[PDB]
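Below is one structure; the comments refer to it alone.
We place every Cβ from the backbone using ideal geometry, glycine too, and count neighbours over all the protein chains shown. Values quoted throughout were computed directly from the atomic coordinates according to the rules given, and no laboratory measurement underlies them.
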Amino acid sequence: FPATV
Amino acid sequence: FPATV
Amino acid sequence: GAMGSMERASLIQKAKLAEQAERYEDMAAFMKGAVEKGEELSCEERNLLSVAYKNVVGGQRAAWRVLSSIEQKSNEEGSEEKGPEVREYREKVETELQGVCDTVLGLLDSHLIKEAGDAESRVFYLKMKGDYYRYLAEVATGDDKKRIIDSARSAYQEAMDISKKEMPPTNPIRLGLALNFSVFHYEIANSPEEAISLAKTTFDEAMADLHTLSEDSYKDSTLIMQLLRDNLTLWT
Amino acid sequence: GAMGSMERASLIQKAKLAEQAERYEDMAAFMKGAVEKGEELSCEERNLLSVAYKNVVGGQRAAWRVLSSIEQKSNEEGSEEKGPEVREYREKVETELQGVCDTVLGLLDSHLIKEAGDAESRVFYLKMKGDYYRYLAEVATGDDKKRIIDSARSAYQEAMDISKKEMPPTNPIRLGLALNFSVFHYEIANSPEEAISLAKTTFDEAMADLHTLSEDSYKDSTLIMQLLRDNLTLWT
Ligand SMILES: C=CC(C)(C)OC[C@H]1O[C@H](O[C@@H]2C3=C(C(C)C)C[C@H](O)[C@]3(C)/C=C3/[C@@H](COC)CC[C@H]3[C@@H](C)[C@H]2O)[C@H](O)[C@@H](O)[C@@H]1O
Ligand SMILES: C=CC(C)(C)OC[C@H]1O[C@H](O[C@@H]2C3=C(C(C)C)C[C@H](O)[C@]3(C)/C=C3/[C@@H](COC)CC[C@H]3[C@@H](C)[C@H]2O)[C@H](O)[C@@H](O)[C@@H]1O
Ligand SMILES: [Mg+2]
Ligand SMILES: [Mg+2]
Ligand SMILES: [Mg+2]
Ligand SMILES: [Mg+2]
Ligand SMILES: [Mg+2]
Ligand SMILES: [Mg+2]
């Protein structure tokens, strides 16, 4: 999965 | 801590 | 509210203890109680709220993905029927996740967003609103899925518009908003070109503003910039 | 019981799904429901029960230790008074942990132990009984602390006596029982010499029985033997 903050 | 199972 | 009898300062203190113990469900409940006292949250308090719910729903999302994967395999050609249990348990996790998202969106709507006037609070809460609609969209299937996606988009867009007018390109909230909206475009809205364009423009404009920063602000900022780069590398 | 309407086989199936998703609270609730159907558990089912509760209470214990450490520092010379909150939150976690231990001990007493006749089930459940009294002992302070310690000791001892009469020295349950009873001696009962003696004798007698085993049984067994060795290295 791509990175989120 | 020591190991337990 | 089970936290109604506890002092606001005690709830904040206990949220910090729960964070240290990695007790994110407790942390989230303490911060819900604090929000429900009716006073605005400070910068530090906003981060406690967001981290608590991000971790609760993050664990739910990970579990949902495990179960959804098992369920999809159970519905492939040649798979032995194994009854309703996988669907039922996936639905149980999904309903709990939706409940937590609804709770966070309710806190944002009653009344964190309406009282947030400074850019750093308003953008923060609108980002959270986009995030929790995005998590609802990840599990959505029915008549309202498009409305859920559009609710995420609308919240992220309002946050974007404020962030570009009121915050420097290196502001960590502005950067994190862009990171997550880019992921929304890629994973939710079927818009990979928009996702890539947003991540690249955000990265490049932040690079050009780093020279204005102290060492500590540079460290913050560059950390989120690396996440933008990581996503671009995954996508190109 | 909220699981009273669900089929036993569905509860077992969902416990396995919860394990795959690392949803140990759900896993434990499914297996409590399965136990409450009143039928004995198979070998595989026993492991689902033990792993679920071991992980639930393990997380509680880790959080309790974080909070107890903060609390102890808050009571050192020179520490600023910070109010009742650390004690209160430590107590909250402690009460939840005690509740889970009481639930497991209740399942063992109603009626898993009394129906367990084969060595591999009886030793298993008595080991669990020692384990959950040991976790109660880790947080105990009052009039009944000695009785809690003695309850752990008594359960471990009965399990030990059966294991030595009915199981080979390499049996994984026998080995794990010895590992945990040795830890009880070291950490709970203030008996490090007994802890070391038990770990060493258990290790040496298992070493001497490995020649009787298949490759797969050797792999099991040797894995727990390494934990005995690890503890001996920590203690000597
Ligand atoms: C629980 C609170 C504790 C552990 C004390 O602090 C967490 C972090 O809070 C700050 O980082 C923040 C922070 C992160 C940085 C580590 C990238 C990840 C967190 O998801 C958090 C709180 C979230 C957000 C997003 C919130 O969108 C609603 C927008 C970007 C970023 C901003 C707010 C960063 O500024 C400190 O600058 C870090 O040092 C510190 O690790
Ligand atoms: C949740 C169930 C899943 C993940 C499917 O299985 C877990 C493990 O169950 C078996 O190991 C068992 C097992 C462990 C071994 C990995 C050492 C650690 C677990 O705490 C468990 C279930 C527990 C016990 C203790 C229980 O005292 C009440 C006594 C020793 C040991 C015995 C029972 C081992 O035999 C398999 O032999 C492993 O391969 C497998 O990983
Ligand atoms: Mg007050
Ligand atoms: Mg549903
Ligand atoms: Mg644009
Ligand atoms: Mg039936
Ligand atoms: Mg107490
Ligand atoms: Mg002896």
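Details
- Each Cα pair under 8 Å and six or more residues apart adds its separation to the average, and for chain C the resulting relative contact order is 12 percent.
- Span from the the range D:105-148 Cα centroid across to the the range C:70-140 one, whole angstrom: 40 Å
- Under the simplified labelling scheme, the residue D:79-residue D:115 pair shows an inter-label distance of 4.7 nm, with each label point 7 Å from Cα along Cα→Cβ.
- Charged neighbours of residue D:63, selected by a Cβ distance under 12 Å, balance to -1 (K, R count +1; D, E count -1).
- Cβ-defined net charge surrounding residue D:221, 10 Å radius [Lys, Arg +1; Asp, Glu -1]: -1
- Cβ-Cβ distance of residue D:236 and residue D:36, R₀ of 35 Å, FRET efficiency by 1/(1 + (r/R0)^6): the value works out to about 0.20.
- Rounded if a/c under 1.5, otherwise prolate or oblate - the protein assembly as shown, Cα gyration tensor axes: prolate
- Partner shielding of D:7-17 amounts to 3, given as the average count of beta-carbon atoms from other chains within 10 Å of each residue beta-carbon.
- Average other protein chain Cβ within 10 Å of Cβ, residues C:85-92: 4
- Taking 0.36 nm per residue of separation and subtracting the current Cα-Cα distance, fully stretching the chain between residue C:214 and residue C:166 would add 15.3 nm.
- Sorted peptide list for C:136-144, C:163-171, criterion being average Cβ within 10 angstrom, highest first: C:163-171, C:136-144
- Taking all pairs of distinct alpha-carbon atoms in the range D:8-235, Kirkwood radius in angstrom: 18.9 Å
- Length added when fully stretched, residue D:190-residue D:62, from 0.36 nm per residue minus Cα-Cα: 44.0 nm
- Charge sum, other residues only, whose C-beta stays under 10 Å from residue D:189's C-beta, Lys/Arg counted +1 and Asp/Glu -1: -1
- Taking every residue in C:52-65 and counting other chain Cβ atoms within 10 Å of its Cβ, the average works out to 2.
- Spatial offset of the range C:160-236 relative to the range C:24-47 amounts to 26 Å, using the alpha carbon center of each.
- Protection proxy ranking, peptides D:148-161, D:80-93, average beta carbon neighbours within 10 Å, highest first: D:148-161, D:80-93
- Packing-based ranking, highest mean first, of C:100-107, D:206-213, D:121-128 given that Cβ atoms within 10 Å are counted: D:121-128, C:100-107, D:206-213
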